[PDB]
12 protein chains.
Amino acid sequence: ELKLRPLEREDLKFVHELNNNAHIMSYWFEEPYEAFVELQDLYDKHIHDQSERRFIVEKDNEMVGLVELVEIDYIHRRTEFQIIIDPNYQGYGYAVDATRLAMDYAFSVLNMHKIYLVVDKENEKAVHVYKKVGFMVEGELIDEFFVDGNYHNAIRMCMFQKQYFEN
Amino acid sequence: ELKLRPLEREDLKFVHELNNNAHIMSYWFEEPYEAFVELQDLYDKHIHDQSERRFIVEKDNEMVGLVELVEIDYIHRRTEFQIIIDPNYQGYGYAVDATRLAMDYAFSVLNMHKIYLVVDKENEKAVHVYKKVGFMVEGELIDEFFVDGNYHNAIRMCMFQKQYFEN
Amino acid sequence: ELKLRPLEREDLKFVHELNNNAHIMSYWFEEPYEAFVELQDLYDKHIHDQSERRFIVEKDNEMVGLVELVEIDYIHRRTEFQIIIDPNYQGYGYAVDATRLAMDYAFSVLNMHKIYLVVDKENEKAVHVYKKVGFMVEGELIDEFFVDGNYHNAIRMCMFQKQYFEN
Amino acid sequence: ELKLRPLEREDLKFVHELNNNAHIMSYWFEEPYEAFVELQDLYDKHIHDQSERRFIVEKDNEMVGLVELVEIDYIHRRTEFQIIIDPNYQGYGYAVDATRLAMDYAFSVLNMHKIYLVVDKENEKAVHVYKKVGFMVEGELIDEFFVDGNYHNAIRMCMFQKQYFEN
Amino acid sequence: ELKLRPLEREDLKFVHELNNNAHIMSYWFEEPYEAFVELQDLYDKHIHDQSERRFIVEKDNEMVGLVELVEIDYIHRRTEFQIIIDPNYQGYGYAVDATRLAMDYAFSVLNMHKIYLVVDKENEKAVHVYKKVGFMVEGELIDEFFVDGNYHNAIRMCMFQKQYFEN
Amino acid sequence: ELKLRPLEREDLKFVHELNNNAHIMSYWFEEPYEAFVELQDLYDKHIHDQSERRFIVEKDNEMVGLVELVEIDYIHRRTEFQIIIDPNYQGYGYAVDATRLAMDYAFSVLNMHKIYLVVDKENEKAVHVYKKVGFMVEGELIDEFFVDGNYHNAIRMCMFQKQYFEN
Amino acid sequence: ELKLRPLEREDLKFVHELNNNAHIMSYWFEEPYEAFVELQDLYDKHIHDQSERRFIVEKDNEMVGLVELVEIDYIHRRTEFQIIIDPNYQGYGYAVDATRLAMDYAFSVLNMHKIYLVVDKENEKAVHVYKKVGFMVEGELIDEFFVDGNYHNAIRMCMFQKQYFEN
Amino acid sequence: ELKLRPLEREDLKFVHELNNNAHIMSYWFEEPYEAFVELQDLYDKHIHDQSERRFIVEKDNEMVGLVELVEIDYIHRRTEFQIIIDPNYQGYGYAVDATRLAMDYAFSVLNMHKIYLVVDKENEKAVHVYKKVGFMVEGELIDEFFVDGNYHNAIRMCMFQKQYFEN
Amino acid sequence: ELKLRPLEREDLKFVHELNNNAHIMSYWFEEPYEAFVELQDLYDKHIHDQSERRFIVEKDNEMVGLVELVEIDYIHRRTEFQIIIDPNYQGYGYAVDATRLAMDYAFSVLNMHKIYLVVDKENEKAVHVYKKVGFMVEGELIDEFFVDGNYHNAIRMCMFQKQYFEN
Amino acid sequence: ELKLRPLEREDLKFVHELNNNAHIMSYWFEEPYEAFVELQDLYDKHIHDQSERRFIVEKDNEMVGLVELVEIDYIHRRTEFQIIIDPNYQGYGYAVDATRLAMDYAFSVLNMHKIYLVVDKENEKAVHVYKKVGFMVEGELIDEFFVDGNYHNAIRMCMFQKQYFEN
Amino acid sequence: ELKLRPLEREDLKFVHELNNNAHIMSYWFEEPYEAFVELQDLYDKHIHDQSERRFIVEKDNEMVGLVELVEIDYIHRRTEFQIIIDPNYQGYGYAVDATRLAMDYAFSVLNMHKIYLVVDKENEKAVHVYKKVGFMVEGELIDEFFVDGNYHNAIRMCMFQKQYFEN
Amino acid sequence: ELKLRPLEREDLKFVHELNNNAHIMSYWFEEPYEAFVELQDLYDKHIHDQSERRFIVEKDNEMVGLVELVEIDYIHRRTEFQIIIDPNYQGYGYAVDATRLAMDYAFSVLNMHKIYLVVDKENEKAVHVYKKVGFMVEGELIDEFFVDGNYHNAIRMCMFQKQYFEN
């Protein structure tokens with residue numbers, strides 16, 4: 001059964017490959033450059049950063065993805081949800097199950113009022129999937145991210161604790 | 001003539017009074033608590049943080065406001081604009097002039113593609129002022145901030161470099 | 001008008017005098033010993049401790065008390081409320097007003113679900129004051145604190161955010 | 001013979017597995033997230049913390065559980081008792097034997113006047129077992145812990161040194 | 001009225017004068033040498049040393065003595081009591097009042113089971129006074145301290161918490 | 001397919017031999033001396049230096065070159081491009097492909113307005129090739145670099161984001 | 001008589017006023033933002049940086065300007081010359097005298113082979129002045145600097161040690 | 001032949017086992033808890049502590065005990081002698097021979113005037129053995145140590161340099 | 001009355017004047033060079049150095065000399081005695097009185113078995129004086145110290161604890 | 001291909017054996033003592049010392065010598081040349097080849113104006129060899145170095161950049 | 001009477017004025033640039049550098065010069081002598097008196113075998129003066145120092161301990 | 001051939017065995033206690049301590065002894081010589097050969113004027129051996145060292161550079 005576990009230091013190599021894949025680092029709007037020692041040092045810096053929850057999406061003792069509950073605001077009770085599924089493990093529905101695991105973690109464990117995610121406006125399939133899981137289209141960010149030579153708009157979607165607990 | 005200057009350490013006392021005023025710290029969605037030594041230490045921590053531009057809005061050698069260009073992203077070329085006008089200096093049009101100087105700084109000095117701000121949805125006066133200065137309503141954040149016992153939505157507004165260069 | 005402001009380093013001398021008063025440090029179950037440099041160094045240690053909110057209770061620009069929202073849990077959304085009124089300022093209703101300001105701060109600003117306090121069972125006056133503001137007797141801690149040669153029981157009282165906002 | 005030994009650094013992997021089990025980290029009211037390096041760093045930080053006694057519950061040279069005497073107050077002579085039995089080693093009475101060993105340690109070695117524990121109110125079996133071991137129901141904490149999406153009340157139970165030495 | 005207050009850093013000069021008087025530093029079996037910066041640094045190193053309670057014996061806002069509850073063992077619940085009265089303030093019974101205050105502090109505040117002190121065997125007056133205040137002669141240490149060219153025996157006296165509360 | 005990846009610490013051995021090859025370190029105007037530990041320490045010092053992007057040019061999991069986007073100015077949005085191809089990997093057209101990969105990275109990922117490079121004026125082959133890829137001869141630096149006993153002039157060439165995206 | 005002296009820490013306030021003048025900090029292509037503590041920290045960091053020589057241009061014991069010999073390469077024997085004259089001291093020919101003093105220092109003291117400077121292409125008057133002192137236009141940098149909302153070209157001019165000593 | 005050697009870091013594991021045996025840690029009146037890293041860290045802290053001499057009692061290349069000359073006072077010329085024999089090596093007279101080796105070390109090497117030890121008052125056999133080796137019963141400490149739930153008195157015994165040199 | 005007190009940091013200027021007097025620094029065999037900050041730093045370095053006891057020889061609240069008990073060996077129970085009397089206070093017998101005070105301190109307080117001093121062979125008057133106070137000529141060191149261009153022999157004299165206590 | 005490469009940390013053992021050979025350390029006027037960790041620590045300390053260029057003279061993947069360009073003055077443009085050839089590799093002309101390579105490095109790469117070396121006057125063969133290589137006898141240092149119990153004079157020889165480039 | 005005293009930190013301002021006078025900093029071959037904080041930091045770094053002896057040449061409590069015994073080699077027993085007399089105090093014979101004092105210090109105090117100095121060849125007067133005080137012309141360094149735009153040769157002069165002591 | 005080499009860190013184990021042999025460490029007047037980590041830490045502390053020269057006496061690639069030239073005074077040019085020969089390698093004349101090697105090192109390499117050693121007065125054989133090697137009995141130190149329960153006098157012997165060079 002697919003599960004979320006803490007992103008451990010020994011796992012960083014996996015993250016390393018994800019952080020240097022331009023296609024992967026386009027879904028998140030991140031520059032696809034990170035030396036392994038740079039990633040290690042940043043991980044060490046954020047070991048005790050409580051604003052973050054970094055998860056390995058694991059299936060059968062296998063690292064299939066990375067789920068991050070970042071920018072966790074403990075007064076406003078909101079967190080940004082981000083997800084990457086390794087392309088070798090795509091097509092198994094791991095994205096939706098990991099998203100639901102992260103939603104349960106933020107709403108049930110972290111006691112968050114709001115979860116929000118940011119996807120590319122071109123990625124209409126992701127918007128439809130997140131709407132199927134319960135996310136509502138909250139807004140559109142115009143020219144928010146410079147990706148592969150062009151300014152891309154983003155769809156920010158959100159879900160709330162009451163709507164999640166009711167469903 | 002209204003001017004922007006760097007927020008100096010010796011000015012922090014002024015900022016202190018703004019950072020512990022609940023009414024002032026409601027426009028920004030900040031908890032109205034900051035010990036002076038806490039503000040001083042955080043200021044020292046961000047002395048060389050290039051993601052930030054902290055400005056004293058000065059009129060006739062007197063500190064009338066605080067303008068911040070924060071979260072300066074140098075790849076996506078966007079920055080969050082924040083403004084506080086001292087309540088004793090409100091009603092002089094200082095807000096619009098300081099906003100125009102901050103826009104000029106981000107677009108002309110920092111070479112930013114996008115400026116964005118976050119205001120309260122109830123704050124119709126600020127929304128009108130920002131629309132007059134060139135900001136467009138970009139989106140609405142639902143239950144984004146817990147303010148004075150209730151979850152408030154926010155209006156995120158944005159302006160772009162081309163529209164600024166048009167004027 | 002009675003107000004709460006952040007406990008500043010420059011105020012510590014006042015706190016010092018409160019922290020070495022055995023009668024005052026009996027209301028809280030604290031050992032009435034603290035060298036001034038010890039208190040200063042502990043304050044410096046907790047400058048950026050977000051589990052704490054230390055307040056000078058100020059009336060007419062004069063330090064009349066100390067209110068602390070400590071053990072701030074941001075997942076369970078509860079905090080311990082503690083209050084001291086300087087004996088020179090007792091009888092002015094400062095205790096009830098400072099308690100109400102701290103309750104409003106924890107429930108409306110900090111978005112806390114629960115406030116709890118712990119008083120001595122002998123202190124029926126404080127129990128009455130806390131019942132007047134809305135606190136409910138939550139439980140009894142048997143022989144919880146060693147005070148002046150004897151094991152004293154304590155009354156733990158609590159209030160919740162919904163009941164506070166209703167009244 | 002079942003024994004308690006100090007929680008060693010080399011044992012932390014065991015602790016790691018317990019600290020990310022949501023079911024296990026629900027009896028203790030702890031968020032079930034801890035990277036292994038985070039647990040290691042916290043353990044190193046608390047090596048010389050005398051407020052703590054961390055025990056591996058060992059049976060036949062095997063780590064079967066974790067017993068913690070935390071919040072050891074040396075003036076009020078009380079400590080919080082917490083226990084975890086690995087789910088694969090449950091049903092052998094290890095919980096009761098480890099509880100009796102920890103009580104003997106706190107009362108006879110640490111010279112504690114009082115031991116207290118906090119269990120979930122739903123866990124009536126644990127309350128009954130601890131009452132059989134000598135613990136008295138001390139109080140109820142209302143909505144004290146946010147567990148798996150709901151606010152749970154807790155039962156705080158206590159035992160005293162005189163009653164322990166008499167039996 | 002004579003009181004005990006924490007030994008503050010600003011008081012150290014007073015202690016300095018006492019720590020370099022050979023006659024005074026004979027009652028305690030201490031070498032009468034301590035540079036002011038040495039005493040200051042040792043005080044700073046032990047600011048957070050909980051094994052110690054250093055008191056200025058104060059009468060009418062004047063430093064008349066120094067009382068130390070050192071070697072505070074929190075498992076065996078015992079502490080060594082030491083006292084110095086400034087020779088300029090001797091003959092006012094300040095020693096007995098400060099001793100009674102320190103006894104009350106160790107037994108009632110620190111919850112100590114035992115207080116012990118060590119005096120010179122030649123100082124029969126101190127032994128008689130401590131018997132009057134409640135101390136029991138516990139034993140004699142042979143050639144325990146080298147004082148002014150000769151090995152002196154010491155009288156170790158003790159008092160207990162139950163007998164203190166009875167008297 | 002030839003690719004760019006981050007220059008990893010484990011790759012530094014490769015770089016070491018390139019940094020001590022006088023012929024190679026003549027194309028760049030660098031002194032051909034660097035102890036391996038010196039290179040390691042400088043790499044560690046610049047791990048989080050965002051002014052730099054150091055790339056291993058990799059072909060079939062083999063280190064064939066080094067591409068550096070250095071002096072990345074995020075206000076003027078320009079960066080200096082430098083490239084080395086390993087001499088045993090010369091003649092494979094790796095230089096032009098790595099140059100196009102670096103151009104795409106600086107213009108499309110880093111959102112640079114301008115790329116500039118510096119070659120020796122004697123190196124007409126590089127000027128011809130860089131003109132073929134789109135670089136324009138921007139200027140000539142007279143006696144700019146002391147190489148192998150003589151002051152050499154350099155050709156500085158530049159390319160811009162609009163002309164790159166059009167082609 | 002106009003002289004060059006080392007830029008002392010005590011002089012930094014003067015530099016501060018120059019570093020936040022947008023018009024002044026436009027001739028040099030520097031962002032016109034620097035908190036005083038930021039400038040102070042950068043000065044302290046570069047106290048022992050031998051790549052730079054920072055000079056106060058002093059006339060009659062008055063700080064009239066700032067001359068910097070930066071990017072001093074000791075293998076290629078070149079340095080960048082930069083100059084600012086305080087606007088209240090412009091029109092006295094201080095710029096030319098300070099420039100000649102700086103060239104004499106770089107060529108005669110630092111034994112530099114080459115001096116280069118960078119001015120705005122719009123500033124044709126400065127180019128003519130530098131030609132009058134002996135500088136030759138070395139090259140033009142296309143869209144090199146983002147100044148006041150537009151990409152500006154720069155004129156890089158250079159002078160050499162032999163031609164300087166001949167004149 | 002039984003010998004004393006310095007307690008080395010590599011030996012600490014052995015000490016670890018002795019430090020976690022409650023029966024062993026009853027002869028010394030020490031809490032039988034010490035994590036291995038805690039013991040290691042304390043050993044590292046006391047590497048250059050000249051107040052102590054920690055000895056492995058070795059017989060036939062085997063660690064059979066631990067002898068400590070602690071609290072070495074170099075003015076009063078006294079030291080506390082403590083000894084532990086591993087339970088697997090009891091019955092060989094190792095305790096008495098190691099005690100005599102430690103006596104010779106303190107009197108002949110350390111030039112101590114006095115050695116003192118502390119045993120439990122119930123352990124009359126140890127008192128008689130130490131009287132056989134030359135120790136004299138010096139005094140009795142009432143309720144000095146809390147051991148296994150009860151306050152135990154201790155017998156402090158002493159030996160002096162002159163009588164030891166005579167024997 | 002002439003007394004010895006600890007050499008305080010604020011006194012170092014006095015010591016400074018003594019340490020740069022070539023004539024004074026010939027009696028001790030010290031190079032007569034010490035910057036004031038050098039002396040201060042060494043004093044700070046040896047604040048907690050128990051191998052030395054540095055004394056201001058004070059007469060009528062005036063610094064008249066410097067007495068040092070250095071190289072205090074606590075196993076061999078010996079220390080080197082050195083004394084300087086300020087030349088402006090010579091002829092008052094301060095040297096002999098300070099020597100007797102230092103002897104009493106080393107023998108009676110520090111429990112030293114032996115005191116030794118080293119004087120120049122030319123100073124037969126000091127040898128006679130020290131023999132009057134009780135020191136015996138112990139030996140002669142040939143060419144031990146290079147003083148003012150020549151190797152001088154030294155007389156090492158010693159005194160013992162038994163002979164001191166008898167006289 | 002006799003070559004110079006950077007002196008790497010891994011090579012230090014080789015240097016170690018050269019640094020403790022009294023005969024080898026007579027050509028250089030160095031004390032023939034250096035612990036391996038001392039050499040390592042000094043090497044690490046001078047990793048980023050630009051006044052130094054330490055070279056392993058390597059022939060056929062074998063360390064045959066050590067060439068040092070030390071005291072590199074970048075203003076006066078001079079450096080001291082030192083060379084050691086391992087005695088097992090003497091007689092192959094390695095000294096002359098390494099000397100010429102070092103001359104080419106200082107004059108052509110480091111752009112040095114002057115090279116100087118210091119040899120023993122007794123070593124007339126080396127002076128003759130360096131004159132054959134192009135070095136001119138610059139001067140004689142009288143009693144400059146204490147070598148094997150006697151004061152030895154040295155011959156300082158020099159070469160200049162113009163004469164080197166002419167030949 | 002003219003004297004030498006240690007160069008104190010408080011004197012550095014004087015040194016500062018000397019260190020930025022090009023004419024003064026030509027006799028010593030030093031670059032005439034040193035910020036006051038740079039000089040202070042270098043002074044602090046070399047406080048405990050025993051290779052150096054920095055002297056203020058003082059006449060009637062006034063700083064008239066600076067004498068340095070640098071590069072003190074304690075095995076070869078040689079030191080470089082450098083002297084500066086402030087031009088306002090030149091012509092009083094202060095130079096020769098300070099030189100004689102420095103020679104006496106190096107030969108009689110520091111036990112140096114050799115003193116050497118380096119002057120410019122143009123300064124034949126300095127060579128004659130040093131020959132009058134006892135210095136011997138030891139050698140000539142060709143193009144040793146780049147001063148005011150030209151390579152100057154230097155005269156190195158030396159004096160010895162035996163020749164100094166013979167008179 | 002017997003040789004001296006630097007005492008390396010990897011050799012410390014050997015030294016360790018010598019430093020805990022009571023008989024060996026009595027000839028030197030050292031307490032025979034040193035933990036291996038203590039010896040390692042002191043060795044690391046004195047790596048760059050120029051006051052000492054620690055030598056392994058090596059015979060046939062084997063550590064047969066330890067020779068120390070300690071307390072090296074570079075002003076008075078004297079050093080203390082100490083030697084230990086491993087008891088398994090005594091009777092080969094290693095002591096005399098190592099002593100002559102150390103004498104040659106101190107006199108010829110370190111340029112010492114004086115060597116001194118200190119032996120026990122009972123060791124008439126060592127005094128005779130050192131007189132045969134050239135040492136002269138310089139003096140006798142009364143009760144200088146406490147060894148094995150008794151105060152031992154010592155014979156200090158010395159040799160000078162001229163007498164050594166004559167022989």
# chains A, B, ... in the order shown; residues from 1 in each chain; ligands from 1

$ interface_residues --of "chain D" --to "chain E" --cutoff "6 Å" --atoms "only C-alpha atoms" --output "PyMOL selection string"
chain D and resi 74-75+110-111

$ residues_around --residues "residue 50 in chain I" --least-positions-apart "2" --cutoff "12 Å" --atoms "only C-alpha atoms" --output "list in words"
residues 31, 33, 34, 35 and 38 of chain E; 50, 74 and 75 of chain H; 45, 46, 47, 48, 52, 53, 54, 69, 70, 71, 72, 73, 74, 79 and 110 of chain I

$ closest_residue --among "D:148, D:43, D:155, D:85" --to "residue 30 in chain D" --atoms "only C-alpha atoms"
D:148

$ atom_distance --atom1 "CA of residue 64 in chain K" --atom2 "CA of residue 16 in chain I"
21.2 Å

$ residues_around --residues "residue 23 in chain E" --least-positions-apart "5" --cutoff "10 Å" --atoms "only C-alpha atoms" --output "list in words"
residues 18, 28, 32, 87 and 148 of chain E

$ write_last_selection --atoms "N, CA and C atoms" --output "short mmCIF file (atom, residue, chain, number, x, y, z; two decimals), in the first residue's frame"
data_model
loop_
_atom_site.label_atom_id
_atom_site.label_comp_id
_atom_site.auth_asym_id
_atom_site.auth_seq_id
_atom_site.Cartn_x
_atom_site.Cartn_y
_atom_site.Cartn_z
N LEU E 18 35.00 40.06 50.19
CA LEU E 18 34.92 38.96 51.14
C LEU E 18 35.80 37.79 50.72
N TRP E 28 34.63 29.56 55.80
CA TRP E 28 34.72 28.65 54.67
C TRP E 28 36.18 28.28 54.47
N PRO E 32 42.05 32.38 50.10
CA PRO E 32 41.65 33.79 50.00
C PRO E 32 42.29 34.54 48.83
N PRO E 87 32.25 41.45 58.33
CA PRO E 87 32.68 41.79 59.70
C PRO E 87 32.14 43.13 60.18
N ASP E 148 45.98 28.06 57.28
CA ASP E 148 47.08 28.81 57.88
C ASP E 148 48.16 27.89 58.46
#

$ residues_around --residues "residue 94 in chain B" --least-positions-apart "5" --cutoff "9 Å" --atoms "only C-alpha atoms" --output "MDAnalysis selection string"
chainID B and resid 2 57 59 64:65 85 89 99

$ residues_around --residues "residue 167 in chain K" --least-positions-apart "4" --cutoff "12 Å" --atoms "only C-alpha atoms" --output "number ranges by chain"
K: 104, 133-134, 160-163

$ residues_around --residues "residue 139 in chain J" --least-positions-apart "2" --cutoff "7 Å" --atoms "only C-alpha atoms" --output "list in words"
residues 137, 141, 155, 156 and 157 of chain J; 139 and 140 of chain K
